[PDB]
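Next up is one chain by itself, shown in structure tokens, the form deposited in one PDB entry.
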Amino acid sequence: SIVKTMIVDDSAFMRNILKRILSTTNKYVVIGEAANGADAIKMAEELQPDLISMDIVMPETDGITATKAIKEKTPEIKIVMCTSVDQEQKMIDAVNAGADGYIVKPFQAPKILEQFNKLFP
């Protein structure tokens, strides 16, 4: 009934839009945010979310590196990549890294909820 969620994106305004969308749901409760993949790995270990929304392109450590690391340690965490046209070229890397789904910027709330609810019926 509650899905503990992390939001990872180097863009604060994209994190904020996604937080506002999820805030309208009792179900997806945001428990942490991170702005790069290294912080995401550490936060995932500390918080043990059910779900991570993972931007792909981020400075220093990207979402592919973070997805692989988190999947190696705690494979039960669902990781949904947060993609966009400018990240298209990294989507196959995310498939190979074990992503569980995708949501798309610019955000559409119904599509996000469809995607999340498929993983958390």
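All residue numbers are counted from 1 along the displayed sequence. Rigid core: the largest C-alpha set superposing within 1.5 Å between the two forms.
Same protein, other form: the form deposited in another entry, not shown, and the subject of what follows.
Core-based superposition between the shown form and the other one leaves all of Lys90, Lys78, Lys27, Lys68 but one with CA shifts under 2 Å; the exception is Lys90.
Annotation for the pair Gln89/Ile17: C-alpha atoms recede from each other in the other entry, by 3 Å or more compared with this form. Compared with the form shown, the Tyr28-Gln87 C-alpha separation increases in the other entry, the change being 3 Å or greater.
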